[PDB]
2 protein chains.
Amino acid sequence: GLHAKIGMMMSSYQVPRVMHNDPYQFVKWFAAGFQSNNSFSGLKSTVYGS
Amino acid sequence: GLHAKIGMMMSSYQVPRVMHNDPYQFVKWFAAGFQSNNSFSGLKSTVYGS
């Protein structure tokens, strides 16, 4: 039915500091997608009420 | 006669990746020069036909 597929799990890292006055920075990223299942005969599987 | 002098011989390296979406990049560089031997009057050592 309604299912999800994760591309890359949620990870985090720090942009490294080069000089002595480089500001602190951190980055979080994530990737996934969604789809509701249809059959071969064209039978939908989710109902949204109004 | 015709000779060459190599400044730096052919080397390669990779630009390092900082973030998680930094593109991959590589650089190759090289340095040398050429000279045909001569003398004081204008006597030469190479002939180019037509």
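About the criteria used
- Residues numbered from 1 in each chain as written, not as in the entry; some residues may be left out.
- Chains lettered and ligands numbered in written order.
- Part of a larger assembly, values for the part shown.
- Heavy atoms only, no water.
- Helix = DSSP H or I, 4+ residues; strand = E, 2+ residues; numbered from the N terminus.
- Rg over C-alpha atoms; globule rule 2.2 N^0.38 Å.
- Buried < 20%, exposed > 50% of the residue type's maximum accessible area, 1.4 Å probe, protein only.
- Contact = heavy atoms within 4.5 Å.
- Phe/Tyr/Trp six-rings, centres within 6.5 Å; stacked < 30°, edge-to-face > 60°.
- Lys NZ or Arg CZ within 6 Å of the ring centre and 35° of its normal.
- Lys, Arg positive; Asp, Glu negative; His and termini not counted.
- Salt bridge = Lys/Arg side-chain N within 4 Å of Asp/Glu carboxyl O.
- Polar contact = N/O pair within 3.5 Å; in protein donor to acceptor, adjacent residues only side chain to side chain.
- Buried area = accessible area lost by both parts, 1.4 Å probe.
- Nonpolar A, V, L, I, M, F, W, Y, C, P; charged D, E, K, R; others polar.
- Least-squares fit on C-alpha atoms.

- This entry, as listed in the PDB, derives from cryo-EM and reports a resolution of 3.6 Å.

Observations concerning the overall build of chain A
- From N to C terminus, chain A includes 0 helices and 2 strands.
- Taken over the C-alpha trace, chain A has a radius of gyration of 21 Å; the compact-globule value for 50 residues is 10 Å, which it surpasses by more than 25%.
- Once the C-alpha set of chain A is aligned to its principal axes, its extents read approximately 65 × 25 × 10 Å.
- Put simply, chain A has 50 residues, and 8% of those count as buried.
- Put simply, 40% of the contacts in chain A that link residues at least 6 apart link residues at least 24 apart.

Describing the environment of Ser12(B)
All names here are of chain B.
- Counting through the fold element by element, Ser12 comes out in strand β1 (residues 2-14).
- Residues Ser12 and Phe30, spaced 18 residues apart in sequence, show a C-alpha to C-alpha distance of 9.3 Å.
- If we skip the residues at most four places from it in the chain, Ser12 touches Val27 and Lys28.

Comments concerning the packing of aromatic side chains
- Scanning all chains against the criterion turns up 0 aromatic pairs over all chains.
- Residue placement shows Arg17(A) over the ring face of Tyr24(A); its charged tip is 4.6 Å from the ring centre.

Notes on the side chain of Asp22(B)
Residues and elements named next belong to chain B.
- Relative to the assigned elements, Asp22 resides in the loop between β1 and β2 (26-36).
- Buried charged residue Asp22 carries no salt bridge. Nearest counter-charge: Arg17, at 5.9 Å.
- A polar atom in the side chain of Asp22 sits 3.2 Å from the backbone nitrogen of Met19.

Observations concerning the interface of chain B and chain A
- Contacts between the two partners involve 4 residues from chain B, matched on the other side by 4 residues from chain A.
- Across the chain B to chain A interface the summed buried area is about 360 Å²; carbon plus sulfur atoms make up 76%.
- Grouping the amino acids of the side of chain B that touches chain A by side-chain chemistry returns 2 nonpolar, 2 polar and no charged.

Structural notes on the relation of the copies chain B and chain A
- Superposing chain B onto chain A requires a rotation of 121° together with a translation of 0.9 Å along the rotation axis, leaving an RMSD of 0.7 Å. What we have between these two chains is a three-fold relation. No C-alpha of chain B lies nearer the rotation axis than that of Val18(B), which sits 6.1 Å from it.

Comments concerning the environment of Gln25(B)
All names here are of chain B.
- Residue position: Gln25 is located in the loop between β1 and β2.
- What makes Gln25 partly exposed here is its relative accessible area of 43%.
- For the pair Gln25 and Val15, spaced 10 residues apart in the sequence, the C-alpha separation amounts to 5.7 Å.
- Discounting residues that sit within four places of it in the chain, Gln25 has contacts with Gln14 and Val15.

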